[PDB]
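Structure file input-v2.pdb (PDB, C-alpha atoms) is printed below.
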```pdb
ATOM      1  CA  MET A   5      24.442  14.747  24.026
ATOM      2  CA  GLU A   6      21.113  16.650  23.991
ATOM      3  CA  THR A   7      18.129  14.311  24.617
ATOM      4  CA  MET A   8      15.113  16.605  24.113
ATOM      5  CA  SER A   9      12.663  15.712  21.449
ATOM      6  CA  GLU A  10      10.122  17.535  19.314
ATOM      7  CA  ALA A  11       8.359  14.102  19.225
ATOM      8  CA  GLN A  12       7.412  14.374  15.572
ATOM      9  CA  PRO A  13       7.165  11.057  13.716
ATOM     10  CA  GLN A  14       9.299  10.580  10.658
ATOM     11  CA  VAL A  15       7.533   9.342   7.594
ATOM     12  CA  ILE A  16       8.819   5.912   6.586
ATOM     13  CA  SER A  17       8.514   4.771   2.954
ATOM     14  CA  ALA A  18       8.209   1.119   2.085
ATOM     15  CA  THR A  19       7.061  -1.354  -0.566
ATOM     16  CA  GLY A  20       5.238  -4.657  -0.342
ATOM     17  CA  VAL A  21       2.405  -6.851  -1.453
ATOM     18  CA  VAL A  22      -1.034  -6.549   0.007
ATOM     19  CA  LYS A  23      -2.116  -9.780   1.783
ATOM     20  CA  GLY A  24      -5.274  -8.599   3.415
ATOM     21  CA  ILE A  25      -7.458  -5.492   3.546
ATOM     22  CA  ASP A  26      -9.884  -4.830   6.387
ATOM     23  CA  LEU A  27     -11.405  -1.381   5.791
ATOM     24  CA  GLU A  28     -13.758  -1.683   8.770
ATOM     25  CA  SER A  29     -11.064  -2.761  11.302
ATOM     26  CA  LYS A  30      -8.819  -0.161   9.668
ATOM     27  CA  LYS A  31      -5.981  -2.605   8.863
ATOM     28  CA  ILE A  32      -4.060  -3.413   5.719
ATOM     29  CA  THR A  33      -1.819  -6.453   6.051
ATOM     30  CA  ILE A  34       1.325  -6.048   3.898
ATOM     31  CA  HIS A  35       4.141  -8.453   3.221
ATOM     32  CA  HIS A  36       6.838  -5.811   2.872
ATOM     33  CA  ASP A  37      10.364  -5.559   1.600
ATOM     34  CA  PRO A  38      12.967  -4.768   4.247
ATOM     35  CA  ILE A  39      12.706  -1.264   5.773
ATOM     36  CA  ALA A  40      16.162   0.029   6.660
ATOM     37  CA  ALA A  41      14.954   3.142   8.437
ATOM     38  CA  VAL A  42      13.486   1.081  11.290
ATOM     39  CA  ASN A  43      15.730  -1.994  10.881
ATOM     40  CA  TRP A  44      12.869  -4.301   9.878
ATOM     41  CA  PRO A  45      13.530  -7.307   7.695
ATOM     42  CA  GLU A  46      11.022  -8.666   5.164
ATOM     43  CA  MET A  47       7.871  -9.443   7.209
ATOM     44  CA  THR A  48       4.137  -9.426   7.025
ATOM     45  CA  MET A  49       2.877  -6.528   9.144
ATOM     46  CA  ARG A  50      -0.471  -4.914   9.945
ATOM     47  CA  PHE A  51      -0.652  -1.218   9.054
ATOM     48  CA  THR A  52      -3.414   1.092  10.258
ATOM     49  CA  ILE A  53      -5.759   3.133   8.123
ATOM     50  CA  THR A  54      -6.666   6.494   9.659
ATOM     51  CA  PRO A  55      -9.384   8.802   8.362
ATOM     52  CA  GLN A  56      -6.597  10.908   6.818
ATOM     53  CA  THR A  57      -4.771   8.067   5.093
ATOM     54  CA  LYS A  58      -4.670   8.863   1.346
ATOM     55  CA  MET A  59      -6.162   5.720   0.038
ATOM     56  CA  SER A  60      -6.327   4.511  -3.489
ATOM     57  CA  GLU A  61      -7.677   1.422  -5.195
ATOM     58  CA  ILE A  62      -5.658  -1.494  -3.978
ATOM     59  CA  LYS A  63      -6.354  -5.165  -3.719
ATOM     60  CA  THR A  64      -4.905  -8.399  -2.326
ATOM     61  CA  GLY A  65      -1.871  -9.309  -4.475
ATOM     62  CA  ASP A  66      -0.973  -5.728  -5.512
ATOM     63  CA  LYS A  67       2.538  -4.501  -5.208
ATOM     64  CA  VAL A  68       2.195  -1.226  -3.339
ATOM     65  CA  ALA A  69       4.290   1.745  -2.257
ATOM     66  CA  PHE A  70       3.257   3.218   1.043
ATOM     67  CA  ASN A  71       4.283   5.697   3.718
ATOM     68  CA  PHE A  72       3.628   5.318   7.428
ATOM     69  CA  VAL A  73       4.487   6.858  10.785
ATOM     70  CA  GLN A  74       5.182   5.169  14.046
ATOM     71  CA  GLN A  75       2.945   6.939  16.511
ATOM     72  CA  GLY A  76       0.702   5.867  19.381
ATOM     73  CA  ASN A  77       2.073   2.274  19.351
ATOM     74  CA  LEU A  78       0.707   1.742  15.797
ATOM     75  CA  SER A  79       2.016   2.060  12.207
ATOM     76  CA  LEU A  80      -0.251   4.713  10.753
ATOM     77  CA  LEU A  81      -0.529   4.792   6.939
ATOM     78  CA  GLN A  82      -0.079   8.206   5.405
ATOM     79  CA  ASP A  83      -0.749   7.025   1.871
ATOM     80  CA  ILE A  84      -0.759   3.877  -0.261
ATOM     81  CA  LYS A  85      -0.877   3.152  -3.999
ATOM     82  CA  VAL A  86       0.021   0.489  -6.527
ATOM     83  CA  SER A  87       3.730   0.449  -7.398
ATOM     84  CA  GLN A  88       6.081  -0.948 -10.040
TER      85      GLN A  88
END
```
Transcribe the structure of this file into structure tokens.
Amino acid sequence: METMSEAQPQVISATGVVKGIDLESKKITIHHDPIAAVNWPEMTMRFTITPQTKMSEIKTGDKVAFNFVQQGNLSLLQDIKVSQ
């Protein structure tokens, strides 16, 4: 079995409810539905805003859909928006 890696983070899609937003510390705290791709159960997790994250208007209590990558020991948001 080949073990070499192109080291390129998969984009992980998830849903949850926003519990806290800290634009300055670059963290959005989200109580998410389970995420099968990474074998995470329902949890509250801190996700990181990068300068490239495609933000939209979100607030505490919103149901959101979001995408993130696992890279540099952090969960880096690719985008986030309100969701059904």
Find the residues around residue 71 (chain A) up to 6 Å (all atoms listed in the file counted), leave out those fewer than 3 positions away in its own chain, and share them as JSON, numbers by chain. {"A": [16, 17, 81, 82, 83]}
May I have the protein, DNA and RNA residues with an atom at most 7 Å from (8.0, 8.6, 10.9), counting only C-alpha atoms in the file's coordinates, returned as a ChimeraX atom specification? /A:13-16,72-74
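The spacing separating CA of residue 37 (chain A) from CA of residue 21 (chain A) amounts to 8.6 Å.
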Test item: the PyMOL selection byres ((chain A and resi 24) around 6) resolved as a ChimeraX atom specification: /A:22-23,25,32-33,64
For the selection just defined, write its residues with C-alpha atoms to a file, as a PDB file, in the frame of the given file.
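Result went into part_23.pdb, see below:
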```
ATOM      1  CA  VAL A  22      -1.034  -6.549   0.007  1.00  0.00           C
ATOM      2  CA  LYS A  23      -2.116  -9.780   1.783  1.00  0.00           C
ATOM      3  CA  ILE A  25      -7.458  -5.492   3.546  1.00  0.00           C
ATOM      4  CA  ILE A  32      -4.060  -3.413   5.719  1.00  0.00           C
ATOM      5  CA  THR A  33      -1.819  -6.453   6.051  1.00  0.00           C
ATOM      6  CA  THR A  64      -4.905  -8.399  -2.326  1.00  0.00           C
TER       7      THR A  64
END
```
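Taking CA of residue 41 (chain A) and CA of residue 11 (chain A) as the two end points, the separation is 16.7 Å.
Using all atoms listed in the file for every distance, the candidate list A:63, A:36, A:69, A:80 yields A:80 as the residue closest to residue 51 (chain A).
With all atoms listed in the file as the atoms that count, the minimum distance from residue 42 (chain A) to the choices A:79, A:60, A:29, A:12 is reached by A:79.
From CA of residue 70 (chain A) back to CA of residue 48 (chain A), the distance works out to 14.0 Å.
Residue nearest residue 68 (chain A), chosen from A:54, A:26, A:35, A:20 and counting all atoms listed in the file: A:20.
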Could region 31-50 of chain A be completed with N, CA and C atoms and written as an mmCIF file, keeping the file's coordinate frame, please?
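Produced file selection-v7.cif, reproduced below:
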```
data_model
loop_
_atom_site.group_PDB
_atom_site.id
_atom_site.type_symbol
_atom_site.label_atom_id
_atom_site.label_comp_id
_atom_site.auth_asym_id
_atom_site.auth_seq_id
_atom_site.Cartn_x
_atom_site.Cartn_y
_atom_site.Cartn_z
ATOM 1 N N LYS A 31 -7.281 -1.925 8.940
ATOM 2 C CA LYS A 31 -5.981 -2.605 8.863
ATOM 3 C C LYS A 31 -5.724 -3.105 7.483
ATOM 4 N N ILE A 32 -4.539 -2.834 6.975
ATOM 5 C CA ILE A 32 -4.060 -3.413 5.719
ATOM 6 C C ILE A 32 -2.834 -4.237 6.093
ATOM 7 N N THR A 33 -2.885 -5.543 5.791
ATOM 8 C CA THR A 33 -1.819 -6.453 6.051
ATOM 9 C C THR A 33 -0.898 -6.528 4.847
ATOM 10 N N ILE A 34 0.381 -6.188 5.019
ATOM 11 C CA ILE A 34 1.325 -6.048 3.898
ATOM 12 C C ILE A 34 2.576 -6.857 4.163
ATOM 13 N N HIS A 35 2.939 -7.688 3.180
ATOM 14 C CA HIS A 35 4.141 -8.453 3.221
ATOM 15 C C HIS A 35 5.179 -7.574 2.543
ATOM 16 N N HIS A 36 5.975 -6.899 3.358
ATOM 17 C CA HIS A 36 6.838 -5.811 2.872
ATOM 18 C C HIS A 36 8.280 -6.242 2.645
ATOM 19 N N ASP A 37 8.930 -5.536 1.728
ATOM 20 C CA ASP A 37 10.364 -5.559 1.600
ATOM 21 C C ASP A 37 11.040 -5.002 2.844
ATOM 22 N N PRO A 38 12.322 -5.311 3.082
ATOM 23 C CA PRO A 38 12.967 -4.768 4.247
ATOM 24 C C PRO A 38 12.882 -3.233 4.308
ATOM 25 N N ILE A 39 12.851 -2.720 5.521
ATOM 26 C CA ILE A 39 12.706 -1.264 5.773
ATOM 27 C C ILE A 39 13.898 -0.853 6.657
ATOM 28 N N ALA A 40 14.928 -0.355 5.967
ATOM 29 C CA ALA A 40 16.162 0.029 6.660
ATOM 30 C C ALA A 40 15.958 1.077 7.729
ATOM 31 N N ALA A 41 15.071 2.024 7.490
ATOM 32 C CA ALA A 41 14.954 3.142 8.437
ATOM 33 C C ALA A 41 14.653 2.718 9.872
ATOM 34 N N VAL A 42 13.901 1.615 10.025
ATOM 35 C CA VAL A 42 13.486 1.081 11.290
ATOM 36 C C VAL A 42 14.098 -0.274 11.566
ATOM 37 N N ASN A 43 15.034 -0.704 10.716
ATOM 38 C CA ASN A 43 15.730 -1.994 10.881
ATOM 39 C C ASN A 43 14.718 -3.153 10.941
ATOM 40 N N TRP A 44 13.761 -3.157 10.004
ATOM 41 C CA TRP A 44 12.869 -4.301 9.878
ATOM 42 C C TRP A 44 13.265 -5.116 8.667
ATOM 43 N N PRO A 45 13.325 -6.452 8.824
ATOM 44 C CA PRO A 45 13.530 -7.307 7.695
ATOM 45 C C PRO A 45 12.228 -7.504 6.899
ATOM 46 N N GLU A 46 12.244 -8.267 5.822
ATOM 47 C CA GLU A 46 11.022 -8.666 5.164
ATOM 48 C C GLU A 46 10.120 -9.362 6.182
ATOM 49 N N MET A 47 8.882 -8.916 6.260
ATOM 50 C CA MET A 47 7.871 -9.443 7.209
ATOM 51 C C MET A 47 6.514 -9.129 6.648
ATOM 52 N N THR A 48 5.539 -9.784 7.223
ATOM 53 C CA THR A 48 4.137 -9.426 7.025
ATOM 54 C C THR A 48 3.698 -8.668 8.270
ATOM 55 N N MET A 49 3.159 -7.461 8.054
ATOM 56 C CA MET A 49 2.877 -6.528 9.144
ATOM 57 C C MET A 49 1.517 -5.903 8.943
ATOM 58 N N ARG A 50 0.805 -5.621 10.032
ATOM 59 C CA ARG A 50 -0.471 -4.914 9.945
ATOM 60 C C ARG A 50 -0.236 -3.395 10.054
#
```
